[PDB]
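Student:
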DNA sequence: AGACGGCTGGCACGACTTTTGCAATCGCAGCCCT
DNA sequence: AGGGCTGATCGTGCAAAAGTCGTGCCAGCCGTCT
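Residue numbers (this note's numbering), protein chains in the order written: chain U, 238 to 337; chain V, 123 to 171; chain Y, -17 to 395; chain A, 698 to 796; chain E, 339 to 388; chain H, 1097 to 1146.
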């Protein structure tokens, strides 16, 4: 089989489309919020607990820029599904599962 | 025999010519095809031993 | 008042327009397609027939034959190597020594390779792995029974008079082979009926591929060539595409997209130029024709491309390659717009133009050419003179029509 | 190259042509069994170069040079009969009309 | 190649028991596929080649 | 599976891959000679959809 | 039986073509070099 | 504090040299008739 690099990311359409969306819980994002993130509309705060916007929080572009001005690069907010890519790249089960 | 076997079809035809009466299972091509279809969609296809 | 070359006098496309018009000079279907792909910008520019029949084409037949034939691992490998490099006609492309070298085995020798090649030749069709020419003929003759008459002389002609018959040296064949006069002809015919290039018989299916770039149709007897309107490339500008380009809000990217729209409008001029030129000049060329082909190829003269360009009246005699790299299809078939141009072949008799008409006259002459030779330069030239073109032996084309000289065309009857 | 009904089938058995016409058609009232040729066109193929092997082949046998590939029609397998009647329609401007 | 084992090399099969079904990694995606595609061309009308 | 001899007339996912090949080209087009941050704004969404 | 014939084409010279081979000056003024 | 210089932008012809085609037509040769 061939391949493709796919610079514009493509999370598995099967992944999280199901009603028991595992990603929608690991990121804990709302289903409509997840739809906006895929639709590149959420602009959700990508990560970082230090910044005022929560590591997993829908961040307004104005709010994201304001938090960036406040704390350097601590404000990260992606509208596209790369937000979810981080939100799962950051969603941790390392001894967190025992706490849960 | 009555399925998609190609290399098994040739072996079986040769055996029937020779009167050997043996079929070689191997693995169906449709199996690897479905594996690819899995790899074609967003999931790797990997079979353990 | 009067005119003068010297006066206070108040242009020529440069760079951008050059590549633009080159898109017209290039073919639109593929030559322009590569550049269009190379663009990579201006985002504001937009039962089941399934059948999978696996034909063997006699290669799998040979494989089943060797597999069903009693053979050892080395014998099967040698047979497979022999079968691998086979030409379409049926003669082996490579030599037996090359087969032994590719085997890469010291035990593999010329004798084993020859035995394998004979066993393969001892399989359908006659002359398998011929390598040497006429091996199909020799195999068919050997397969032919000795009860057939003239078989001995046929084998003599095939084995060593192969050049004698190849030169059609029937007198020399009779003098050297000492075969009976006018009786060796039967042996030569028997040798001829031996399935030359029998392996080419297996190959009978080739895909059909013809691109009508201006499809004139005559099921109704006449129709607009349509310039293959659907196939004509046409980029689409979209308002939402402009919005998405604005989403590419980068100022450098914005300037790039603006200059890209500029060059794309230029290229639109190029494609419109190609299409309008090959539309108007083509309508002019088909004006000579009535109800599709009026008099076949005898409907045009040496075409002045400058004349058609001046007919376009803008790049008047400013020649190019837009109708070139474009072909108009008609009831007979596909013929180029370069073929819509023509050359002078008629020389006297009120003739100074058109090579197709003179060639068609020559073709009608070939319909009644000489039997001992293609219509002699006297015969063909006199036919052309009867046409009044007077192409002369200078056009007498015969060697160009894959016709050899006169005496070499004399052969046994 | 156009495929035309000329009954000129290279590398073919003679008995097949025994029922064909110069047009290539079969005369009305014939018998038919097996895969008997019905309408024999010859699709011309890509032209060859000087091609010394093919040059010698055209010098010895000639007239075919494998230029025409069999574009012929044949009777169906397992359907046999007797030809009742025929018809033909050619694109206007084509005046073969042999048989 | 000895032309006797390379031909024999093509035909082989494993028992392949305990067939598993699991997720994916991009490195494995690169390893499984032989190349990456970038152009929309499939087949041409000029000479009928890949 | 060509239909009339001339045109392959491929269908479905490969045909979809055709448009995806556009994106596959567009990704390469996004890779160089386009601003991926500015481009993927509307491009990446259609990319995920396709 | 050696010379005609007509084929042939090579040898040569004019006439239609025809791709290619040519991108700049404006516009202030500001920023950079002096 | 004074100079320079910069380039944002500036697209459907036609011609240059060169060839290539038209056209004939001269040298040789072998089929022939001598």
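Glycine included, C-beta positions come from ideal geometry on N, C-alpha and C.
(1) Can you have a look at residue 256/U and say buried or exposed, based on whether 16 or more other CB atoms are within 10 angstroms of its CB?
(2) Contact between the region 285 to 299 of chain Y and the region 261 to 273 of chain Y is defined here as three or more beta-carbon pairs at a separation below 8 Å; is this criterion met?
(3) Apply the 10 Å Cβ neighbour rule to residue 249/U and answer buried if 16 or more other Cβ atoms are within range, or exposed otherwise.
(4) Just to confirm the assignment, what range does the alpha helix (DSSP H) spanning residue 755/A have?
(5) Buried or exposed: which applies to residue 284/U, given that a residue is buried once 16 or more other Cβ atoms fall within 10 Å of its Cβ?
(6) Please give me, in chain order, every unbroken run of the alpha helix (DSSP H) with length at least 4 that falls completely inside the region 321 to 384 of chain Y.
(7) Are there three or more Cβ pairs, one per stretch, closer than 8 Å when the region 199 to 209 of chain Y is compared with the region 780 to 792 of chain A?
(8) Does the separation of the CB atoms of residue 325/U and residue 260/U fall below 8 Å?
(9) My guess is that residue 169/Y and residue 135/Y are in contact by the Cβ rule of under 8 Å, so how many angstroms apart are they, rounded?
(10) Taking the alpha carbon of residue 238/U as the reference point, which residue from 145/V, 169/V, 157/V has its own alpha carbon closest?
(11) State yes or no: is the beta carbon of residue 702/A nearer than 8 Å to at least one beta carbon in chain Y?
(12) Mind checking the region 255 to 281 of chain Y against chain E and listing, in chain order, the residues whose C-beta falls within less than 8 Å of any C-beta there?
(13) By DSSP's criteria, residue 309/Y is part of a beta bridge. Which residues make up the other side?
(14) Kindly indicate which three-state DSSP category residue 771/A falls into: helix, strand or coil?
(15) Going by DSSP, what residues sit across from residue 240/U in a beta bridge?
(16) Under a three-way DSSP split, which group does residue 738/A fall into?
(17) Counting along the chain, where does the alpha helix (DSSP H) carrying residue 418/Y start and finish?
(18) By Cβ distance, which residues of its chain are closer than 6 Å to residue 347/Y, with the 5 residues on each side in sequence left out?
(19) If we cut at 8 Å on Cβ distances, does residue 266/U have a partner in chain E?
(20) Can you have a look at residue 727/A and say buried or exposed, based on whether 16 or more other CB atoms are within 10 angstroms of its CB?
(21) Any contact between the region 209 to 220 of chain Y and the region 9 to 28 of chain Y? By contact I mean 3 or more CB pairs, one from each, below 8 Å.
(22) Buried or exposed: residue 167/Y, going by 16 or more other Cβ atoms within 10 Å of its Cβ?
(23) Specify the secondary structure class of residue 722/A as computed by DSSP and reduced to three states.
(24) Taking 8 Å as the CB-CB cut-off, is residue -6/Y touching chain A?
(25) Where does residue 34/Y land, buried or exposed, given buried means 16+ other C-beta within 10 angstroms?
(26) Using the three-state DSSP reduction, which class does residue 100/Y fall into: helix, strand or coil?
(27) Whole-angstrom Cβ separation of residue 768/A and residue 700/A, contact assumed at under 8 Å?
(28) Kindly list, in the order they appear in chain V, the residues whose Cβ is closer than 8 Å to that of residue 238/U.
(29) May I have the straight-line CA-CA distance separating residue 337/Y from residue 367/Y, to the nearest angstrom?
(30) Using a Cβ-Cβ cut-off of less than 7 Å, list which residues of the region 110 to 126 of chain Y approach chain H; keep chain order.
(31) Between the region 308 to 317 of chain U and the region 137 to 153 of chain V, do at least 3 Cβ pairs fall closer than 8 Å?
(32) Alpha carbon to alpha carbon, how far is residue 372/Y from residue 741/A? Give it in angstroms, no decimals.
(33) Can you pull out the residues from the region 242 to 265 of chain U whose beta carbon lies closer than 9 Å to at least one beta carbon of chain V?
(34) Evaluate residue 211/Y with the Cβ neighbour count: other Cβ atoms within 10 Å of its Cβ, from every protein chain shown; 16 or more gives buried, anything less gives exposed.
(35) With 8 Å as the threshold, decide whether the Cβ of residue 72/Y is near any Cβ in chain A.
(36) Leaving out the 5 sequence neighbours to the left and right, which residues in its chain are closer than 7 Å to residue 253/Y when beta-carbon positions are compared?
Tutor: Well, looking at it:
(1) Translated into positions along the first chain, residue 256/U becomes position 19. Counting Cβ neighbours within 10 Å, residue 256/U comes out exposed, since fewer than 16 surround it.
(2) yes
(3) Taking the first chain and counting its residues from 1, one reaches residue 249/U at position 12. Burial call: exposed.
(4) On the fourth chain, position 58 is the one that residue 755/A refers to. Residue 755/A -> alpha helix (DSSP H) spans 749 to 757.
(5) Translated into positions along the first chain, residue 284/U becomes position 47. It is buried - the Cβ of residue 284/U has at least 16 other Cβ atoms within 10 Å.
(6) 337 to 348, 359 to 368
(7) yes
(8) As a position in the first chain, residue 325/U is number 88, starting the count at 1. As a position in the first chain, residue 260/U is number 23, starting the count at 1. Yes, these two residues count as a Cβ contact at 8 Å.
(9) For the purposes of this step, residue 169/Y is taken as residue 187 along the third chain, with counting starting at 1. For the purposes of this step, residue 135/Y is taken as residue 153 along the third chain, with counting starting at 1. Contact holds; Cβ gap of about 3 Å.
(10) Taking the first chain and counting its residues from 1, one reaches residue 238/U at position 1. Among 145/V, 169/V, 157/V, the Cα nearest to that of residue 238/U is on 157/V.
(11) Against the fourth chain, residue 702/A aligns to sequence position 5. Chain Y contact via Cβ: absent.
(12) none
(13) Locating residue 309/Y in the third chain gives position 327, where the first residue counts as 1. BP columns for residue 309/Y point to 318/Y.
(14) Your numbering for residue 771/A matches position 74 in the fourth chain. Residue 771/A falls in the strand class under three-state DSSP.
(15) The residue you call residue 240/U lines up with position 3 of the first chain. Partner(s): 374/E.
(16) For the purposes of this step, residue 738/A is taken as the residue at position 41 of the fourth chain. In the structure shown, residue 738/A sits in a strand (DSSP, three-state: E or B).
(17) What is shown of chain Y runs -17 to 395, which leaves residue 418/Y out entirely.
(18) Residue numbering aside, residue 347/Y sits at position 365 when the third chain is read from its first letter. Only 357, 362, 365 meet the Cβ criterion.
(19) By 1-based counting over the first chain, the position of residue 266/U is 29. No, no contact with chain E.
(20) Sequence index remark: in the fourth chain, residue 727/A carries index 30 (1-based). Exposed.
(21) yes
(22) Sequence index remark: in the third chain, residue 167/Y carries index 185 (1-based). Residue 167/Y comes out buried.
(23) Here residue 722/A refers to the residue found at position 25 of the fourth chain. Coil.
(24) Locating residue -6/Y in the third chain gives position 12, counting from the first residue. For residue -6/Y, the answer is no, since every Cβ of chain A falls outside 8 Å of its Cβ.
(25) Locating residue 34/Y in the third chain gives position 52, counting from the first residue. Residue 34/Y should be labelled exposed.
(26) Working through the third chain from its first residue, we reach residue 100/Y at position 118. In this structure, residue 100/Y counts as helix in the three-state DSSP scheme.
(27) Residue 768/A sits at position 71 when you count from the first residue of the fourth chain. Residue 700/A sits at position 3 when you count from the first residue of the fourth chain. The pair is a contact, with the Cβ atoms about 4 Å apart (cut-off 8 Å).
(28) Residue numbering aside, residue 238/U sits at position 1 when the first chain is read from its first letter. In chain order: 158, 161, 162.
(29) Counting from one through the third chain, the residue named residue 337/Y turns up at place 355. Counting from one through the third chain, the residue named residue 367/Y turns up at place 385. Distance between the alpha carbons of residue 337/Y and residue 367/Y: 14 Å.
(30) none
(31) no
(32) Residue mapping note: residue 741/A aligns to position 44 of the fourth chain, counting from 1. Residue mapping note: residue 372/Y aligns to position 390 of the third chain, counting from 1. Going by the C-alpha atoms only, they are around 32 Å apart.
(33) 247, 248, 249, 250, 251, 252
(34) Indexing the third chain from 1 puts residue 211/Y at position 229. Exposed: under 16 other Cβ atoms inside 10 Å.
(35) The residue labelled residue 72/Y in the question sits at position 90 within the third chain. So, not an interface residue.
(36) Translated into positions along the third chain, residue 253/Y becomes position 271. Contacts found: 5, 6, 10, 215.
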